[PDB]
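Chemist: Here it is, the structure, as structure tokens.
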Amino acid sequence: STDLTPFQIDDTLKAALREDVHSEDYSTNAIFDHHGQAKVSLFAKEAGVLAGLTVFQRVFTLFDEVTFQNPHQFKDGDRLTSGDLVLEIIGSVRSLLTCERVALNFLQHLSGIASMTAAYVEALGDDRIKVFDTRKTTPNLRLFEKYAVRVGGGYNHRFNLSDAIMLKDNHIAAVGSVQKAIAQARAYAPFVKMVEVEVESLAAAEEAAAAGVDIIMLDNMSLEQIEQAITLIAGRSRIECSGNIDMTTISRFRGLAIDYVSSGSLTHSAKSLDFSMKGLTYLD
Amino acid sequence: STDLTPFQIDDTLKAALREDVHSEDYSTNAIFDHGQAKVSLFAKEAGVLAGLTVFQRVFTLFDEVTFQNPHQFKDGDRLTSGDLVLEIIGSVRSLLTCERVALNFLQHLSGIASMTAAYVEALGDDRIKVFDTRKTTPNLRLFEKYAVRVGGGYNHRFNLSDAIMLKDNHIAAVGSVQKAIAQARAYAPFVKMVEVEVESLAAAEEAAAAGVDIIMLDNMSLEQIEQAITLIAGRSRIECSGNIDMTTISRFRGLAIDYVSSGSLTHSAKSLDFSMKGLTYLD
Amino acid sequence: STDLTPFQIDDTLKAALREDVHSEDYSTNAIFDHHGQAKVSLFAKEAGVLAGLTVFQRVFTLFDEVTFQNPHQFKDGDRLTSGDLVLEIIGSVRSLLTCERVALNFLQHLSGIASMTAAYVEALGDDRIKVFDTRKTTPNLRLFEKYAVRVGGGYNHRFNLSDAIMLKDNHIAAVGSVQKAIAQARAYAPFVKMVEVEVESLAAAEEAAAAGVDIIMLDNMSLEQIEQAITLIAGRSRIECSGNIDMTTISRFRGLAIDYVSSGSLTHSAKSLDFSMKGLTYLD
Amino acid sequence: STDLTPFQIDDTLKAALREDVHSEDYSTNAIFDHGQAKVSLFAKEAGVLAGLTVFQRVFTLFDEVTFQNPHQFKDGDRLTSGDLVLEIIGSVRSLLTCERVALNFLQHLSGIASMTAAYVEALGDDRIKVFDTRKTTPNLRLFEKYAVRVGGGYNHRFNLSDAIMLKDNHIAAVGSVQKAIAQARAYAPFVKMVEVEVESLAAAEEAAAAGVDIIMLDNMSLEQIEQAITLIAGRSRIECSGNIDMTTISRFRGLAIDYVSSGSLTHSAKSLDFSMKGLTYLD
Amino acid sequence: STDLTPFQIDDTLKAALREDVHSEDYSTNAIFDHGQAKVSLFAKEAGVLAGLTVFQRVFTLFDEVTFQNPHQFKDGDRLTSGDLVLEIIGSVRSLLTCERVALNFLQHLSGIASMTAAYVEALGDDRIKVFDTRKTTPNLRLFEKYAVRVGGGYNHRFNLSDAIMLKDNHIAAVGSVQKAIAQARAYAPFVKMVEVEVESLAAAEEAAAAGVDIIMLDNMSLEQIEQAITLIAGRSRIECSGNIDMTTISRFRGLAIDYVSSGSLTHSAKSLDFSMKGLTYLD
Amino acid sequence: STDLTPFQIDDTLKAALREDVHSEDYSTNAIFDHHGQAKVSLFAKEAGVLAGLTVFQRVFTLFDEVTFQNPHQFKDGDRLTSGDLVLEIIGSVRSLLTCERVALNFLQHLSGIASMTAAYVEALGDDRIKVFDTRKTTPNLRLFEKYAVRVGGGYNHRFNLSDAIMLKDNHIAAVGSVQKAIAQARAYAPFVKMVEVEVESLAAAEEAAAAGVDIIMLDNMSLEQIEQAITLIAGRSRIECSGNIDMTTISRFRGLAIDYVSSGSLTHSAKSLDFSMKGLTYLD
């Protein structure tokens with residue numbers, strides 16, 4: 001597994017800090033003194049999966065010289081309970097307090113996603129079927145969100161419109177055929193791109209499998225349909241189910257001979273995971 | 001209320017577009033076509049519309065793109081699934097390449113407005129306002145605050161530079177409520193609102209006496225809040241916060257507080273489903 | 001007091017350096033050798049108040065590895081005489097000479113402001129009345145300029161149109177009333193924003209004080225008027241005097257029961273404070 | 001002369017606008033209004049107009065905004081208090097939110113042009129040009145140089161890459177005037193002007209002999225300059241600099257120097273008062 | 001094919017313009033002129049036109065500038081010296097200040113398209129495609145890929161995020177061809193093409209067996225390639241690469257490979273001469 | 001001589017790295033392990049002149065903590081043969097492999113230019129005549145390209161339209177005279193700018209030399225013409241020959257009393273110089 005790198009994230013965290021301070025942090029600067037070391041504790045207030053700890057840390061490190069301490073040796077991925085002491089943060093009060101909210105907003109958002117993902121995986125209860133994310137991401141945080149999904153046991157779809165070809169309802173509409181669209185796609189980007197078709201009917205699934213595409217997406221199809229689609233396609237393409245996949249629904253795929261399912265809810269509708277920073281103490 | 005301006009949003013939408021297309025949109029560019037086209041924007045789910053200008057603007061930065069609004073939909077309107085919110089007219093390459101970004105904005109924003117409007121309704125008391133927080137999605141605060149407004153909510157301080165909020169940690173570090181307020185007033189004398197976050201009736205007393213502008217009752221029982229109201233006796237504005245959800249929120253109904261605030265509105269909003277379907281060529 | 005942070009200033013100094021070098025510094029690079037340590041001295045050529053020393057230093061530090069020496073222990077705020085040895089700068093010749101002008105232009109501009117501010121404070125001669133800056137700032141240096149004002153013994157008005165509400169002549173014009181404008185302002189940003197009204201007549205001052213606004217600004221009012229305005233308002237709002245406040249005028253407020261006065265001249269019309277960098281020596 | 005172009009100024013005006021509005025303009029947005037409006041730009045003080053295009057452009061980046069110039073004012077014109085320089089037409093939100101930034105540019109630039117024109121007048125000699133310096137406001141050099149031109153001044157080297165200026169420190173480090181010039185010519189052979197800053201008649205002699213393009217007489221007495229002129233005998237162009245102010249400047253009047261230069265024009269310019277008043281609605 | 005969009009290119013052209021003008025264009029601004037003007041864009045050399053939109057766009061970001069295309073030239077057309085490709089209409093300051101940047105784009109891009117088209121011709125086999133690489137000019141990859149398309153070429157993976165290419169070093173570090181492929185598939189399961197770079201027939205065998213999408217034959221003899229084709233037996237797509245030049249390229253003519261690739265097309269392209277002459281004033 | 005500075009180049013290399021990685025380097029990250037030190041060797045596969053070694057190095061250093069080793073002590077400027085071991089690069093595998101192509105693309109491009117330049121200088125075989133570059137540069141790499149030219153023994157023309165005045169065919173067209181254009185140029189930028197005129201005929205050369213311009217450029221003139229132009233001008237201006245100067249042509253200037261020649265081909269049409277990175281080994 002791969003953590004996130006400062007090279008990847010620095011510009012985004014900078015922007016977020018600027019979002020949160022346009023002149024200065026009056027509330028904190030009024031009370032504190034420029035000098036003097038302090039310690040604050042990061043506590044998990046809710047159960048789930050840890051994600052974004054590096055990102056959390058990095059918020060502080062761009063701002064100021066700040067040290068950490070990890071007594072329980074927590075890592076992105078670890079399961080969490082409320083009251084767990086995830087991390088200790090050491091530095092000047094001004095740094096600890098000004099940076100707090102941004103850091104937490106990243107941590108809370110990411111951990112939320114990883115937790116929702118891990119819970120989907122569990123509710124599915126079938127290793128042979130993978131859980132994938134989408135491009136239904138929060139604007140300008142896709143990178144961070146894809147990472148969280150991985151941390152929760154999920155997997156990454158195409159990142160971008162540049163990564164791979166996905167012929168959607170609208171693409172097929174504009175050509176007028178499933179097969180003409182695939183042909184055109186193959187003509188345009190001959191060998192280096194995966195080609196996927198999004199499909200609503202069994203008609204369209206047949207056309208696609210026949211034209212020899214790499215991946216077929218079954219959009220919002222009934223279980224009866226999917227069962228038939230599987231047999232139709234008969235291993236000619238990989239199979240993805242998508243649309244309207246949630247914690248309750250997801251178990252319906254258990255045991256099917258599809259390759260993966262994908263969910264937008266993991267990225268566009270994730271509940272965040274509560275943490276807090278309490279127990280400010282001076283070193284002394 | 002007041003819409004979002006290109007000046008405010010353009011850099012963010014540009015960035016989101018670049019996020020989504022590093023080289024080119026292979027899928028779409030592959031379509032060898034005859035011409036103007038039209039696609040329809042449909043609401044797939046009930047709630048409140050927010051971010052329609054933003055949605056539109058994604059297309060308008062990319063290319064020359066026209067709209068049509070047959071049902072005269074505006075940010076704020078209630079929506080039902082299948083409503084024809086908008087029609088988008090332009091080249092296929094523009095319509096398709098811009099689609100996902102535009103929708104991701106629209107879905108996220110409408111989601112927030114919907115959740116907000118629902119909190120307002122569950123509260124059922126116009127004399128008490130619903131406020132957002134700083135518990136926002138990183139780099140989208142501006143947008144999120146706007147959505148809250150659209151849903152009938154109100155805006156807290158935008159950030160740490162807007163206004164002074166003396167939290168648990170601040171009061172800890174000084175050792176007094178009143179010394180902290182004095183120090184805050186000394187630092188930013190007349191142009192900044194000062195708010196104090198408070199857990200006990202002790203602390204609420206100190207603060208109201210020291211003449212602060214806003215007192216925040218953190219996670220207090222209803223018995224307590226009732227007494228706090230009386231103690232404070234109109235000396236400061238009153239905010240209740242902490243652990244405010246769709247079910248809880250009605251507990252405030254009778255009260256002579258000024259507002260309540262919720263993070264859940266910004267950090268945990270379910271997005272609102274829309275789609276773009278029905279691609280047709282014009283001729 | 002709070003100094004300025006690299007986080008706050010780095011992007012601006014970078015931009016200024018780029019302004020001053022688009023390819024390279026031909027004049028300096030032609031003569032120097034890439035290698036070899038040197039020392040230059042920063043001298044105050046004019047009396048006043050020091051401001052922007054950190055900023056001065058930081059110009060060099062972004063560019064190159066550069067050390068300083070402060071034999072007289074000078075700090076932003078200290079009073080200065082011509083010939084004072086403010087600082088010694090140690091590093092490669094190329095760094096010392098290429099960075100010089102930018103660094104000085106910051107220092108000179110900031111110290112100029114702090115000096116003009118301190119002189120206003122002195123000419124006023126009344127601690128009970130504070131001296132405030134405005135939004136009449138040099139474009140893209142507001143942050144730096146507000147800081148200098150603080151250093152000279154002044155105080156900071158609202159930074160931005162986002163910081164606080166100020167209902168000006170034009171706002172009141174567009175509504176048609178003083179009180180309707182205040183009402184509208186309170187309706188729009190209910191509790192978290194200070195509300196100020198800018199006022200020319202005693203009529204308007206009465207309306208505002210009655211509607212219970214936080215701050216009233218007396219724009220360019222005669223001393224007779226201000227005296228009456230004070231009594232009218234009768235402590236209902238804070239009182240700010242503004243417009244046409246200069247070194248000579250400013251003493252006219254001495255002893256009045258107003259809260260502060262504010263001046264644009266401090267930021268839009270500050271004379272800069274002369275320094276120079278002389279006595280280049282090689283370490284050897 | 002030649003105006004400033006959007007290409008040149010847009011990024012700076014965008015930044016200044018962002019400086020002034022981080023979230024939104026609460027004050028102005030609070031106005032719930034009927035419609036196009038009109039505001040008038042009045043000169044509050046006498047001097048020279050500079051930066052009118054810049055002023056205008058602040059509004060035009062923000063929003064669709066029209067102007068009207070009934071007295072046909074142009075950068076360069078002389079101004080009196082109460083002159084109606086311009087009329088601005090657009091939505092209230094645009095007129096009010098953009099106002100201060102626009103004025104801060106206009107005031108600063110006009111201030112510089114005015115001070116410049118006044119130096120030119122106090123000099124009273126067309127054969128001697130007034131030049132600006134690198135002692136500029138950080139990140140506004142471009143703008144400041146333009147204002148100087150508008151006021152009848154002329155532009156020195158824009159920066160350390162434009163042209164070679166061998167200062168006291170440079171000559172110190174080589175140990176000779178002539179060796180420094182030789183080294184400069186060796187480094188940038190044909191495409192760069194070479195100037196030498198000079199304190200004695202000794203050094204002026206060396207430089208003129210070595211055939212440099214421009215000699216700068218730093219802070220020299222009038223007796224000296226008179227002799228320097230003779231010594232140099234047209235071999236190089238001649239610049240006087242150091243300690244040149246509105247009172248001093250007339251001392252150069254008769255002289256056969258090419259130009260004088262002043263920092264005060266850019267680092268110490270008093271700004272020129274304008275205001276925007278008389279908001280009216282159109283109908 | 002599909003043109004380049006302002007969305008794609010604007011930031012790069014802005015930067016190039018800023019590269020070329022830090023303060024102002026002294027040369028051009030010095031011209032004190034009467035008015036619209038017209039300049040003609042002439043091809044000085046034979047080859048393939050590419051980047052005409054880009055050329056145009058340089059002017060259109062700067063200023064209001066119109067074009068005229070009397071011979072209806074389009075990216076892709078063959079060119080001869082003296083052809084009147086385009087006419088440019090606008091203010092002199094715009095025409096002259098923008099000229100060099102615009103031409104530098106046009107010349108570079110057309111150069112690449114020309115070299116590409118020439119490789120395609122020397123190959124003389126439609127069943128085998130000519131591909132570009134990642135051996136591109138820094139920060140112009142997008143543009144360079146486009147030019148290749150215009151010249152009749154095709155696009156490899158745009159970068160290290162587009163698709164998986166297991167090179168000599170990768171296979172070295174795992175120690176197996178097949179283990180490396182397995183690991184790649186495990187890491188990015190369904191959405192990424194996997195290619196293997198291969199030097200021996202051993203390695204080609206392993207790869208084809210493990211079912212990879214594309215095999216690259218690095219710098220292999222014609223005898224070898226012939227056998228490799230047979231060995232692989234349609235299981236993977238086949239790419240030949242390494243040491244492919246205008247003279248060599250014809251050696252592939254009969255073969256049942258899918259494509260060949262060349263770096264020289266992007267890292268070593270001779271540019272294609274154009275000029276802008278015949279400045280006239282309109283009246 | 002002056003190397004290139006991080007201050008100068010960092011933004012460009014960052015942009016190039018981002019160009020080459022929008023999400024992550026899947027190929028490398030799949031195989032490697034985050035941990036573990038390795039060494040790769042940089043070999044010259046082709047003879048010529050080294051340029052851009054610092055730039056090469058810097059690509060890696062922005063990305064990650066990476067060390068170098070230079071056993072043969074190679075410097076920008078050194079002559080090279082195929083198989084020479086230019087440099088050794090030491091760091092994590094992920095860094096070595098992800099950064100490789102960008103680094104090489106800079107090195108190859110720059111060394112290519114320096115080699116083509118040095119070869120022009122040699123083919124000219126006349127020290128009294130200098131070889132100059134132009135503004136016919138690769139967009140957004142001018143700075144890097146000018147440097148390479150210097151490294152190959154060449155010299156730098158004006159960087160920018162801001163550096164110096166060059167009155168071209170189109171400028172002279174728009175005024176209608178050679179001399180009116182020069183006069184206008186002198187009026188606009190009086191003393192601080194060199195003035196050059198680009199000239200096709202002997203007529204125009206005479207006008208210019210008479211009006212006392214600093215530099216005259218003979219555009220694409222026959223050797224007979226140039227010979228006459230030299231005598232005409234009679235030392236009144238410096239002389240530049242330009243247009244259609246290539247490796248074969250260039251010797252035609254040998255012994256002429258011109259000051260320099262200039263070539264666009266050096267920057268717009270340089271063949272790149274082959275290097276490669278081979279011999280990946282783990283430290284162990």
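A note on labels: chains of the structure tokens are A, B, ... as shown, every chain counts residues from 1, and ligands are counted from 1 in their shown order.
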Write out as JSON, numbers by chain all residues of stretch 74-114 of chain D that DSSP puts in helix (DSSP H, G or I) for this structure's backbone.
Modeler: {"D": [92, 93, 94, 95, 96, 97, 98, 99, 100, 101, 102, 103, 104, 105, 106, 107, 108, 109, 110, 111, 112, 113, 114]}
Chemist: Could you name the residues that touch residue B:87 at 7 Å or less, counting only C-alpha atoms, but leaving out those on the same chain fewer than 6 positions away, as number ranges by chain?
Modeler: B: 38-41, 67-69
Chemist: Could you list, as a ChimeraX atom specification, the residues of chain E having an atom within 12 Å of chain C when counting only C-alpha atoms?
Modeler: /E:18-23
Chemist: Set the cut-off to 10 Å and count only C-alpha atoms: what are the residues of chain A that reach chain F? Output as a ChimeraX atom specification.
Modeler: /A:1-8,142-143,146,159-160,162-163
Chemist: Would you please work out which residue, of B:24, B:258, B:1, B:183, is nearest to residue E:145 when using only C-alpha atoms?
Modeler: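 The closest residue to residue E:145 is B:24.
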Chemist: Tell me, as a ChimeraX atom specification, which residues lie within 8 Å of stretch 249-264 of chain C, counting only C-alpha atoms; anything in the same chain fewer than 6 positions away does not count.
Modeler: /C:120,123-126,128-137,223,227,230,238-243
Chemist: Tell me as number ranges by chain which residues belonging to chain B come within 12 Å of chain E, counting only C-alpha atoms.
Modeler: B: 13-15, 17-18, 20-26, 28-33, 58-64, 93-94, 97-98
Chemist: If I take atom CA of residue E:101 and atom CA of residue F:194, how far is one from the other in Å, to one decimal?
Modeler: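 Answer for the atom CA of residue E:101 to atom CA of residue F:194 separation: 21.8 Å.
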Chemist: What does the distance between atom CA of residue D:219 and atom CA of residue C:272 come to in Å, to one decimal place?
Modeler: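 The value is 19.3 Å.
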